[PDB]
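Some notes on the structure that comes next.
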Protein chains: 2
Amino acid sequence: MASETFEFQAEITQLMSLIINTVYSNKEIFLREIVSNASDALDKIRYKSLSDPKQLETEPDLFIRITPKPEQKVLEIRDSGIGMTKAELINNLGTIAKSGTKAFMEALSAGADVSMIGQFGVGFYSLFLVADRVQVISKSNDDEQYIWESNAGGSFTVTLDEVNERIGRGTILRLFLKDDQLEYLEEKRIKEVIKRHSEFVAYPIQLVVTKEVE
Amino acid sequence: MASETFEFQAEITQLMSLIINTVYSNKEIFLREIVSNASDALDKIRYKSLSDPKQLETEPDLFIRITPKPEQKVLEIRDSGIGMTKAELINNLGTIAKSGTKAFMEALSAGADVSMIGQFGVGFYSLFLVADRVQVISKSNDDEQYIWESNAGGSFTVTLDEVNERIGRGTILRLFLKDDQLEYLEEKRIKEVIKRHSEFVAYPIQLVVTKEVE
Ligand SMILES: C[C@@H]1C[C@H]2O[C@@H]2/C=C\C=C\C(=O)Cc2c(Cl)c(O)cc(O)c2C(=O)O1
Ligand SMILES: C[C@@H]1C[C@H]2O[C@@H]2/C=C\C=C\C(=O)Cc2c(Cl)c(O)cc(O)c2C(=O)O1
């Protein structure tokens with residue numbers, strides 16, 4: 001099952017650099033950006049559902065779900081939103097321009113808080129504060145399940161998904177956390193970051209916790 | 001990705017019948033049978049590891065993990081034991097004879113408690129007390145990941161797994177619970193059944209719980 005490799009738009013590889021290179025504070029901010037994107041994706045599928053209700057049937061429950069995977073140093077955030085086809089993954093997550101990119105970098109470099117990233121429409125790339133690699137696993141009603149992957153170098157891959165659990169519909173962000181950032185695998189840390197920045201999220205935010213029976 | 005279909009040995013389709021037809025009590029007993037098989041499978045990989053340590057490397061953590069999936073009316077029990085190749089799934093779970101089968105049925109039908117099922121070496125089939133369908137997803141170090149599936153009819157299928165999460169090594173039992181048996185999706189119910197019957201399990205028994213942040 002062969003990967004296809006794509007080059008990032010120039011200003012995205014630029015934006016990526018850094019965000020990872022010039023940040024410093026309010027990085028736990030990566031999580032509000034994630035949840036915000038997930039909420040918007042769920043907004044999209046519910047809106048679409050008003051005129052096309054059967055779009056919901058692939059996954060009738062509307063949720064955002066966070067699953068720490070401490071063994072793998074991974075944090076997953078799943079939504080049952082609209083999902084992205086192969087072409088949408090390629091276009092949304094790296095090959096097309098985003099209007100707000102260069103303006104966010106030129107901004108940042110004059111003291112903008114990075115919380116501002118979302119106002120420019122490039123909030124996805126804030127995950128590189130805590131992660132040195134990401135896979136975005138997505139399933140749209142209009143396509144098969146695919147995996148987009150990036151380690152913040154100049155290329156990304158997209159591969160037909162024959163390896164991950166089936167998502168009925170929606171997207172999983174799979175963050176591979178930096179060795180110094182393992183705190184975001186912690187139940188208390190996660191709830192603390194969520195209550196602060198995602199109060200008026202309209203969807204259930206589920207946390208998956210593993211407990212030894214003893 | 002095509003399924004292969006196999007016929008069950010006669011006395012297994014017989015044993016299946018019923019267990020599901022003549023049971024009545026101590027059915028929560030299905031869980032001790034599961035955990036017992038999982039413990040034995042973990043016993044096997046650790047024993048094998050003494051002379052072949054690198055067998056462990058595909059999944060270094062030794063655990064039993066129970067994951068309720070209430071949306072799907074599913075209960076999963078995962079172990080990181082030795083796992084089963086395609087041929088082992090076909091042989092272990094339905095095509096070869098098991099020495100203790102007929103003796104367990106002839107026994108049962110004179111008032112044996114069904115807790116006895118394990119002493120005859122056929123404890124796997126106790127899952128049909130609570131489940132009307134099962135998939136066994138398995139990954140041995142010696143083969144690809146495969147899915148065995150049965151709904152207690154006379155045939156089962158085995159399919160190369162291109163749909164479920166990767167298990168490094170081991171087996172997941174995926175139980176599709178009967179509509180009247182949804183209690184076994186409940187955190188309290190599960191811990192209660194585990195403490196009673198699996199005290200001297202030597203491995204961590206992990207319970208995966210989903211909690212809304214609120
Ligand atoms: C295109 C769809 C629907 C859009 O409404 C969402 C708003 C912003 C999305 C930005 C993205 O780049 C894709 C995306 C990300 Cl990054 C995410 O973390 C979660 C998601 O569910 C989606 C998605 O599926 O986005
Ligand atoms: C053959 C291997 C190793 C054997 O030591 C285990 C003892 C009994 C197994 C009975 C089976 O039929 C397979 C099996 C079941 Cl049913 C299970 O619920 C969990 C498991 O991990 C295995 C397994 O992988 O079994």
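Just remember, in the structure tokens the first chain shown is A, the second B, etc., residues are 1-based per chain, and ligands are 1-based in the order shown.
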- [ ] Could the residues that lie within 10 Å of ligand 2, counting only C-alpha atoms and all ligand atoms, be listed as a ChimeraX atom specification?
- [x] /B:31-45,64,77-85,88-94,118,121-127,136-140,169-174
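Summary of the local environment: counting only C-alpha atoms, residues at most 8 Å from segment 187-193 of chain A, other than itself and those fewer than 3 positions away along its chain, are residues 28, 31, 183, 184, 196, 197, 207 and 209 of chain A; 213 of chain B.
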Selected residues written out with N, CA and C atoms, as a short mmCIF file (atom, residue, chain, number, x, y, z; two decimals), in the first residue's frame:
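Once everything was written out, this is selection.cif:
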data_model
loop_
_atom_site.label_atom_id
_atom_site.label_comp_id
_atom_site.auth_asym_id
_atom_site.auth_seq_id
_atom_site.Cartn_x
_atom_site.Cartn_y
_atom_site.Cartn_z
N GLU A 28 0.28 25.03 25.40
CA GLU A 28 -0.98 24.30 25.69
C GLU A 28 -2.10 24.87 24.79
N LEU A 31 -4.13 22.80 22.00
CA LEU A 31 -5.37 22.02 22.19
C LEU A 31 -6.61 22.80 21.85
N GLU A 183 3.45 15.58 29.36
CA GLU A 183 2.44 15.98 30.33
C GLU A 183 1.04 15.95 29.68
N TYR A 184 0.95 16.26 28.38
CA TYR A 184 -0.36 16.29 27.72
C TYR A 184 -1.01 14.91 27.54
N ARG A 196 -10.35 25.69 30.58
CA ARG A 196 -9.90 27.06 30.32
C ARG A 196 -10.30 27.63 28.96
N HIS A 197 -10.15 26.84 27.90
CA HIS A 197 -10.24 27.40 26.55
C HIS A 197 -11.38 26.92 25.67
N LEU A 207 -13.14 12.23 27.20
CA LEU A 207 -11.76 11.88 27.50
C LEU A 207 -11.72 10.40 27.78
N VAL A 209 -9.86 7.36 29.30
CA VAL A 209 -8.91 7.17 30.39
C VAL A 209 -8.74 5.67 30.58
N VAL B 213 -15.99 15.68 29.55
CA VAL B 213 -15.37 16.73 30.33
C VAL B 213 -16.50 17.75 30.55
#
TODO: From a DSSP calculation on the backbone, collect every residue of segment 57-193 of chain B in strand (DSSP E or B) and output the set as number ranges by chain.
DONE: B: 64-69, 74-79, 131-139, 146-150, 155-160, 170-177
Mind running chain A against chain B at 7 Å and telling me each contacting residue's nearest atom pair with the distance in Å (one decimal), counting only C-alpha atoms, chain and number ascending, as a Markdown table?
| residue | atom | partner | partner_atom | distance |
| --- | --- | --- | --- | --- |
| A:162 | CA | B:162 | CA | 4.5 |
| A:163 | CA | B:165 | CA | 5.9 |
| A:164 | CA | B:165 | CA | 4.2 |
| A:165 | CA | B:164 | CA | 4.2 |
| A:166 | CA | B:163 | CA | 6.0 |
| A:191 | CA | B:213 | CA | 6.6 |
| A:204 | CA | B:212 | CA | 6.2 |
| A:205 | CA | B:212 | CA | 5.6 |
| A:206 | CA | B:212 | CA | 4.3 |
| A:207 | CA | B:211 | CA | 5.2 |
| A:208 | CA | B:210 | CA | 4.5 |
| A:209 | CA | B:209 | CA | 5.3 |
| A:210 | CA | B:208 | CA | 4.5 |
| A:211 | CA | B:207 | CA | 5.2 |
| A:212 | CA | B:206 | CA | 4.3 |
| A:213 | CA | B:205 | CA | 5.6 |
Go ahead and write the selection's residues with C-alpha atoms as a PDB file, in the first residue's frame.
ATOM      1  CA  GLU A 162      -5.361  -0.123   5.634  1.00  0.00           C
ATOM      2  CA  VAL A 163      -3.894   0.104   9.169  1.00  0.00           C
ATOM      3  CA  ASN A 164      -6.011   2.154  11.583  1.00  0.00           C
ATOM      4  CA  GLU A 165      -9.418   1.529  13.095  1.00  0.00           C
ATOM      5  CA  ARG A 166     -12.368   2.480  10.870  1.00  0.00           C
ATOM      6  CA  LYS A 191      -9.116  18.509  31.676  1.00  0.00           C
ATOM      7  CA  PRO A 204     -19.481  16.531  24.167  1.00  0.00           C
ATOM      8  CA  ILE A 205     -15.711  16.474  24.711  1.00  0.00           C
ATOM      9  CA  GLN A 206     -15.007  12.885  25.746  1.00  0.00           C
ATOM     10  CA  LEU A 207     -11.762  11.881  27.499  1.00  0.00           C
ATOM     11  CA  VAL A 208     -10.651   8.258  27.247  1.00  0.00           C
ATOM     12  CA  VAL A 209      -8.910   7.172  30.385  1.00  0.00           C
ATOM     13  CA  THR A 210      -7.243   3.835  31.110  1.00  0.00           C
ATOM     14  CA  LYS A 211      -7.472   2.498  34.702  1.00  0.00           C
ATOM     15  CA  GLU A 212      -5.961  -0.650  36.209  1.00  0.00           C
ATOM     16  CA  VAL A 213      -8.483  -2.773  38.055  1.00  0.00           C
TER      17      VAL A 213
END
TODO: Would you please extract all alpha helix (DSSP H) residues from segment 46-160 of chain A, as assigned by DSSP on the backbone, and give them as a count of residues only?
DONE: 17
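Nearest to ligand 1 of all the residues A:50, A:160, A:134, A:23 is A:134, counting only C-alpha atoms and all ligand atoms.
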